[PDB]
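All Cβ positions, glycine included, derive from the backbone under ideal geometry; neighbour counts span all protein chains shown. Read-outs: derived from the displayed coordinates by stated rules, not from any lab.
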Amino acid sequence: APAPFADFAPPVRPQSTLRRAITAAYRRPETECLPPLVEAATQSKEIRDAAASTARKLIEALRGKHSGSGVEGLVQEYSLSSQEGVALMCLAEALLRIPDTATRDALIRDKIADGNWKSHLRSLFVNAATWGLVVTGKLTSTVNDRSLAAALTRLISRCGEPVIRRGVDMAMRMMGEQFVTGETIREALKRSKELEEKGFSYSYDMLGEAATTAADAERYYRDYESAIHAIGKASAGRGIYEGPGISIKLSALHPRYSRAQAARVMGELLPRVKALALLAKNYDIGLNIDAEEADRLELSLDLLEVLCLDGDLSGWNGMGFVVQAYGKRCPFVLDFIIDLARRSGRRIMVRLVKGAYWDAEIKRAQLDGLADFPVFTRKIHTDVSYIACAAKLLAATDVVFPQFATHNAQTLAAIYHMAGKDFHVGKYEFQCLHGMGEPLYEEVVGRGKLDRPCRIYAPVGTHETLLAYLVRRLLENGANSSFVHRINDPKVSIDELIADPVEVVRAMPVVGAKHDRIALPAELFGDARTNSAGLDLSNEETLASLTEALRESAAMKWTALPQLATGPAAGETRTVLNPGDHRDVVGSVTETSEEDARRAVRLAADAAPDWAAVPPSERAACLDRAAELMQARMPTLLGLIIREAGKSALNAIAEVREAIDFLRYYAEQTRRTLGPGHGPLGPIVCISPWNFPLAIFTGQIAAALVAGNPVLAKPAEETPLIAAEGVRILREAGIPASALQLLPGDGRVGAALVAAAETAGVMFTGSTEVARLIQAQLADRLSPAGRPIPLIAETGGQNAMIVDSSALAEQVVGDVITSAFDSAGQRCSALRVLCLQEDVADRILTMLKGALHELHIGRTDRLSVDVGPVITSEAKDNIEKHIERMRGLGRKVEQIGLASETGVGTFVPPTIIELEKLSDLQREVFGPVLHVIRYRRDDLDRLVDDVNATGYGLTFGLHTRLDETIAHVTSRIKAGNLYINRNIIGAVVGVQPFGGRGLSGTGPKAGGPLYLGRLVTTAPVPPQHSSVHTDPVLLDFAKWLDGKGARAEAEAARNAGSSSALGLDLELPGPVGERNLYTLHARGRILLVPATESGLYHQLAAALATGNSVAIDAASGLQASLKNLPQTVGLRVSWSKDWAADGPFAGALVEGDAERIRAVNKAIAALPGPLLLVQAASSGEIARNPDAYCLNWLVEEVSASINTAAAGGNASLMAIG
Ligand SMILES: Cc1cc2c(cc1C)N(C1SCCS1)c1c([nH]c(=O)[nH]c1=O)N2C[C@H](O)[C@H](O)[C@H](O)COP(=O)(O)OP(=O)(O)OC[C@H]1O[C@@H](n2cnc3c(N)ncnc32)[C@H](O)[C@@H]1O
Ligand SMILES: NC(=O)c1ccc[n+]([C@@H]2O[C@H](COP(=O)([O-])OP(=O)(O)OC[C@H]3O[C@@H](n4cnc5c(N)ncnc54)[C@H](O)[C@@H]3O)[C@@H](O)[C@H]2O)c1
Ligand SMILES: [Mg+2]
């Protein structure tokens, strides 16, 4: 049995002094990075004046030959709107997908020009975001396909065949010549002859998406290999400086190119790069390694080092490497490379770029809660960094070959004068991108200009593959701070364009201050609360420190005991085993006797007044202190969660962050709301599941405590140790022992707590079937006030994702693999049913199966493990029985093969099952099992019906670029957490308030603003909780009441209409590149069980004011109280004799004395299907209390999280950059 964490994340090699200096700079504060860059970038006054003069001459030439774009002349010639221009280019793109030119021309003449375009040509507008950038210069994340369809019809009906022909020829000139150098390497080489004669050189990239499968990585390998042959044949001995070279993207060559998979990278990716480099060496051409995301930088250095020390590659100086000046590590990376060049004797070609992933890096750091960004946040800082790094490179031209890749004439001029008068080919060069640098560099290359060479980066590929690259270039070019956008902006003077960033930064008040409008990850929520902090598992210092803390955590004698108010109690003790290796004993749990569980509730009841008397702000202060303790203890908490619950390090980090966020969110919500009149319920039993053994455990308890209730905490039997540690932390934070008792044990302990006479409320997260048993036990109970015992029951899901033909396969596959198999599918939010539009199903399924087989399953104390075990042998057996049933029915089953080492634990391999119908599934299967169904586009609405028809309603995902499909699907789906163009396992506290409907939950949502109000006897008004909209059926009913003479009830009805928050529509603060929306809708059909006429009118007013329909108990005998209803109200009203036949309901309102309420509550608990949130009142309470029925629980919360960067970039962030 291997020692825990003994092999957690060893680095590829011992970190040299130079490597450690890189890692140290990873997230260095921006104010600390800039001063040394300003110093290194400083030049003499004479040089600065000379550089400004050169820059002005270049810009004057650039603006002096600036002709209008072809698209702009087309828009002008035919008086096209922007949407017409975009629609025309989409049409042209489709028409160019027809190979036979005469067949295309006949389709244009005979069919398209005659208006009938929808008939003959997957949406025509799938790529309209790209063409929108071309036409408008602005990126819209989704496509308004109805606006585009209208615009296309309008323009064809107005201008006919001529505009179509012009659009086709315009698109042809762009896709085949402007953005790409050629569709094949041979075509690109043909097109390169013209500028090579004018003094340019080339570097070709067979660019595309990163590999998601082995097969795709192999395809990119053979594409690169064939291109090296073609380039080397064409080079014909010109060498690495005067002749062409290739650029490669390491992520194209292996599907798991990451620090977490460093061993596979060195074992599998490195030999492939070596083989390509050997071929480049034989032809004597350049081979440049492109730079990608910040978390791949240092990993790529390990490949660079091995390759440069490999004697088989000696004699060749063509190996090249990109470094990104927007990165805080850039000068230290250059120090490392220059030293490696010296050690190896290889003159490394160093391509200095500013950086292509800026908006993505901002979003990633925010999502991950990291200390700071790995890139600068002011564009001028990147410019200073670039010039400072150029100075370092120009001092080392004997050992490296600097390649200054930029389109900025000011940057260029500064380096041109920095480099001085001595020049020879091979000393350094400039570089640019095909189709955007030639205007500038035709003023540079050649003895009649500056006589400095330029290498053109030449993308090669079909139009299909060119889209992702094209979006980035156009988004970049239209960016607020972009040199290209500013040189085209007539309100920007040449004086502004030639301003020296070094001197501008030097004179700022705080040199290197972060951008004012970009929040550090800790500050995402501003004054409301401090964001939890994560850990960077790409940082070697973090990994080394975490390795030690994790090992230390495994040496601790973790215990869980019954912690009663009076002290620990004795009980039956057993060991807690690691689910991934039962030989690894994690701790010991002493479980609670049923006698002591009953005793604990009595102790809580006796302690309830004292805890209630602690002022809410001081209760909140306890939660904030517990959050601080959990943050500081995160590494140790990670280690415990990893071994006790079978979680990977990434999942444990997220788990502890979520616990911290719950604590701080409920503390702040308390400070915003709770006062003396919001009395506690009393002892609350918190029963929690194994699968989020710290986060959900902490969230329920924290909310109950801060609302003023003493808590009986009953953790899942599988995961008591982290629970006991959470209670220990809460007690250390100031929660009295009498206010928080821990009762380890199985469901019998949970049941003993639920049944205890003094139990005043139950918070349950777990399976629907156990929730139903708790509901039944509570159905014969009332509070001392004669009201139902509140139950929050958050239960299972059958979560779907719908994918149409507009979605990007690689994005879908990544989000599907994550959503379905993260934590071995043991998230309530996990993706269970993937729904693929028929036309793209085969391609996505092939990619999905390929990506499945790249997952590493094993004991989770290794960074390289993606998917851990399932929690128990019983869970394993349940899951495997489901798989074998499906397989026995003839369904296609794909499974990863497991390693022999999994035999010591309980593992289920990630599994894909192809279903015929959604009805093949009957219940949640809580494991790593993805089901796949296919649908025809016209059946989308029926498919949404089928998804809703399971009765669940927890998480739901949609991948589409099309606004009509977003509006359709999101309006018809009935689930609590929606996710657009991203994974569906997001539950960020206060950002995606989490919780569903139907079989998935009662609500209110955890991590949302209605939660605390369920835990007090009188609910406060939550922050931002109001709506100016009034339900119109409510209004009709209030008028009907006035017509019947029920004047008091009509007034109460109008008041409910105003008090209702139905229609609340908020955007919640969160990370950039995401829109997080929170809305209040009707719940559905509410069961009304009235006793009196006035009671019925009040119940109906409450239900209608919150948008609901109703089924009224026919046994009430009150049918004559609703004569002559307006049709609008009658449509919402049904009469029910057999309640179980007329459901499912979404809540209930009951009127009666205590024995009537108890009887009705028992009948309601017996109804099939969802647990119903029941509110009850006496006739007298209805007369006395306008809030007898609380409208908070008659609406349904919906969270929607939209990935607005999904089209390829963040438009709003580029507009402030
Ligand atoms: C010419 C070339 C370029 C590249 C490659 C090869 C060649 C030959 N390869 C390639 S491999 C696949 C992609 S291309 C390559 C690239 N990129 C990459 O990462 N890896 C790679 O391998 N590029 C793209 C460059 O990094 C860069 O985006 C552009 O050249 C634009 O910069 P500029 O001309 O200096 O304009 P500029 O003066 O307007 O500056 C724009 C830049 O400033 C930065 N910026 C903008 N806003 C900022 C803010 N608020 N805070 C801080 N910084 C900000 C950001 O980097 C932005 O791109
Ligand atoms: N909606 C959400 O937010 C959410 C979140 C996480 C998990 N879940 C659901 O939780 C389930 C998996 O977690 P689990 O396996 O621990 O759930 P579970 O129902 O098996 O047990 C949950 C808790 O109930 C207790 N329990 C069992 N029987 C009981 C009884 N008769 N009376 C009182 N308590 C009893 C258990 O000891 C445990 O503490 C899944 O269905 C998952 O979807 C829902
Ligand atoms: Mg269970």
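Out of all the residues in region 269-278, is one or more of a type in the set (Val, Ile, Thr), away from ligand 2 (no atom under 16 Å from the Cβ), over 19 Å from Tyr386 (Cβ atoms) and in a helix (DSSP H, G or I)?
Yes, there is a match, as at least one residue in region 269-278 is of a type in the set (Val, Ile, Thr), away from ligand 2 (no atom under 16 Å from the Cβ), over 19 Å from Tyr386 (Cβ atoms) and in a helix (DSSP H, G or I).
When you go through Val754, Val749 one by one, which is the residue that is more than 21 Å from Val576 (Cβ to Cβ) and buried (at least 23 other Cβ atoms within 10 Å of the Cβ)?
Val754
For region 684-694, what are the residues that are near ligand 2 (Cβ under 8 Å from one of its atoms) and in a loop (DSSP other than H, G, I, E, B)?
Those that are near ligand 2 (Cβ under 8 Å from one of its atoms) and in a loop (DSSP other than H, G, I, E, B): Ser688, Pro689, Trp690, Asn691, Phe692.
Out of all the residues in region 653-674, is one or more crowded, with 24+ Cβ neighbours inside 10 Å, within 13 Å of ligand 2 (Cβ to nearest atom) and closer than 19 Å to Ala739 by Cα?
Yes, region 653-674 has at least one match.
Consider only pairs whose beta carbons are under 8 Å apart and that are at least six residues apart or on different chains; among these, list those whose first residue lies in region 896-911 and is of a type in the set (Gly, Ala, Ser) and whose second residue is in a loop (DSSP other than H, G, I, E, B).
Correct list of pairs: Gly897/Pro909; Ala899/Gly858; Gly905/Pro579; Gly905/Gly580; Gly905/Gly646; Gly905/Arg859; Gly905/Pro869.
Restricting attention to region 725-776, and to residues there that are of a type in the set (A, V, I, L, M), under 33 Å from the mean Cα position of the chain (by Cα) and not in a loop (DSSP other than H, G, I, E, B), which single residue is farthest from ligand 2 (Cβ to nearest atom)?
Taking the candidates together, the pick is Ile729.
Working only within region 1135-1158, note down all residues that are in a helix (DSSP H, G or I) and in contact with a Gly (Cβ under 8 Å, 6 or more places away or on another chain).
Across region 1135-1158, the qualifying residues are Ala1154, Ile1157.
Do any helices (runs of 4 or more DSSP H) entirely within region 1-94 hold 1 or more residues that are among the basic types (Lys, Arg) and surrounded by 16 or more Cβ atoms within 10 Å (Cβ to Cβ), and if so, which?
By residue number, 17-24, 45-64.
Could you grab the pairs with beta carbons closer than 7 Å, sequence gap of 6+ or different chains, first residue in region 681-698 and within 24 Å of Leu603 (Cα to Cα), second one part of a helix (DSSP H, G or I) and within 13 Å of ligand 3 (Cβ to nearest atom)?
Pairs that qualify, where the first residue is within 24 Å of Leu603 (Cα to Cα) and the partner is part of a helix (DSSP H, G or I) and within 13 Å of ligand 3 (Cβ to nearest atom), are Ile687/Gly750.
Do you know which of the residues in region 703-739 that are touching a strand residue (DSSP E or B) at 6+ places or on another chain (Cβ under 9 Å) and among the charged types (D, E, K, R) is nearest to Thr872 (Cα to Cα)?
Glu718
Every residue, every condition in (1) among the aliphatic types (A, V, I, L, M); (2) surrounded by 19 or more Cβ atoms within 10 Å (Cβ to Cβ); (3) over 29 Å from the mean Cα position of the chain (by Cα), yes or no:
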position	(1), (2), (3)
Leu450	yes, yes, yes
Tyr457	no, yes, yes
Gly461	no, yes, yes
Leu470	yes, yes, no
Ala479	yes, yes, no
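Taking the criterion of being part of a strand (DSSP E or B) and surrounded by fewer than 20 Cβ atoms within 10 Å (Cβ to Cβ), would at least one residue in region 1116-1134 satisfy it?
yes
Surrounded by fewer than 17 Cβ atoms within 10 Å (Cβ to Cβ) and either among the β-branched types (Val, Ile, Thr) or in contact with an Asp or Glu (Cβ under 7 Å, 6 or more places away or on another chain) (or both): is that true of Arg1075 in this structure?
yes
I want to confirm something. Restricting to region 369-380 and keeping residues that are more than 10 Å from ligand 1 (Cβ to nearest atom) and surrounded by fewer than 21 Cβ atoms within 10 Å (Cβ to Cβ), which single residue is nearest to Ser203 (Cα to Cα)?
Looking at the filtered set, the residue picked out is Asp372.
Are any residues in region 192-225 assigned to a loop (DSSP other than H, G, I, E, B), of a type outside the set (A, V, I, L, M) and buried (at least 21 other Cβ atoms within 10 Å of the Cβ), and if so, which ones?
If the condition is that a residue be assigned to a loop (DSSP other than H, G, I, E, B), of a type outside the set (A, V, I, L, M) and buried (at least 21 other Cβ atoms within 10 Å of the Cβ), then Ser192, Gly208, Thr212 are the ones that fit.
Can you tell which of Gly786, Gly797 is at positive phi, in a loop (DSSP other than H, G, I, E, B), away from ligand 1 (no atom under 16 Å from the Cβ) and of a type outside the set (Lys, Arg)?
Exactly one residue qualifies, and that residue is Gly786.
Out of all the residues in region 464-491, which are of a type in the set (A, V, I, L, M) and over 14 Å from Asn408 (Cα atoms)?
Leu466, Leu467, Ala468, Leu470, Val471, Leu474, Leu475
From the residues in region 731-746 that are among the aliphatic types (A, V, I, L, M) and surrounded by fewer than 23 Cβ atoms within 10 Å (Cβ to Cβ), which one is nearest to ligand 1 (Cβ to nearest atom)?
Here the residue is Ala733.
Pairs please, first residue from region 274-297 and within 15 Å of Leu352 (Cα to Cα), second anywhere and more than 16 Å from ligand 2 (Cβ to nearest atom) and of a type in the set (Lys, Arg), Cβ atoms under 7 Å, 6+ apart in sequence or on different chains.
Pairs that qualify, where the first residue is within 15 Å of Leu352 (Cα to Cα) and the partner is more than 16 Å from ligand 2 (Cβ to nearest atom) and of a type in the set (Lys, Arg), are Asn288/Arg351; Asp290/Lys249; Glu292/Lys249; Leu297/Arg329.
Looking at (1) within 16 Å of ligand 3 (Cβ to nearest atom); (2) surrounded by 18 or more Cβ atoms within 10 Å (Cβ to Cβ), can you tell me which one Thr759 breaks?
Here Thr759 clears every test but (1).
Within region 762-806, can you find the residues that are among the hydroxyl-bearing types (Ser, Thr, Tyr), surrounded by fewer than 19 Cβ atoms within 10 Å (Cβ to Cβ) and within 16 Å of ligand 3 (Cβ to nearest atom)?
If the condition is that a residue be among the hydroxyl-bearing types (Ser, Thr, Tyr), surrounded by fewer than 19 Cβ atoms within 10 Å (Cβ to Cβ) and within 16 Å of ligand 3 (Cβ to nearest atom), then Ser767 is the only one that fits.
I'd like to check which strands (runs of 3 or more DSSP E) are fully inside region 816-922 and have at least 3 residues that are within 28 Å of the chain's Cα centre (by Cα).
831-837, 911-914
Can you pull out every residue in region 695-724 that is within 31 Å of the chain's Cα centre (by Cα), within 16 Å of ligand 3 (Cβ to nearest atom) and either under 15 Å from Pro562 (Cβ atoms) or not in a helix (DSSP H, G or I) (or both)?
Those that are within 31 Å of the chain's Cα centre (by Cα), within 16 Å of ligand 3 (Cβ to nearest atom) and either under 15 Å from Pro562 (Cβ atoms) or not in a helix (DSSP H, G or I) (or both): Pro715, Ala716, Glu718, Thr719, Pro720, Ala723.
Within the group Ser538, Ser588, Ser553, which residue is part of a loop (DSSP other than H, G, I, E, B) and within 30 Å of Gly927 (Cβ to Cβ)?
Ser538
Pull out all pairs, ordered by first then second residue, where Cβ-Cβ is under 8 Å, the residues are six or more apart or on different chains, the first lies in region 1190-1217 and is over 28 Å from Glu810 (Cα atoms) and within 16 Å of ligand 2 (Cβ to nearest atom), and the second is in a loop (DSSP other than H, G, I, E, B) and of a type in the set (D, E, K, R).
Close Cβ pairs (under 8 Å, with a partner that is in a loop (DSSP other than H, G, I, E, B) and of a type in the set (D, E, K, R)) amount to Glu1196/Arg997; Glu1196/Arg1083; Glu1197/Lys1005.
Each row is one residue, and each column tells you yes or no for (1) more than 30 Å from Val656 (Cα to Cα); (2) in contact with a strand residue (DSSP E or B) (Cβ under 8 Å, 6 or more places away or on another chain); (3) surrounded by fewer than 21 Cβ atoms within 10 Å (Cβ to Cβ).
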{"position": "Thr911", "(1), (2), (3)": "no, yes, no"}
{"position": "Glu916", "(1), (2), (3)": "yes, yes, yes"}
{"position": "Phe926", "(1), (2), (3)": "no, no, no"}
{"position": "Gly957", "(1), (2), (3)": "no, yes, no"}
{"position": "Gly976", "(1), (2), (3)": "no, yes, no"}
{"position": "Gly986", "(1), (2), (3)": "no, yes, no"}
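Picking from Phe321, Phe336, which residue would you name as being assigned to a strand (DSSP E or B), more than 16 Å from ligand 3 (Cβ to nearest atom) and of a type in the set (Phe, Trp, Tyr)?
Just one listed residue meets the conditions, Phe321.
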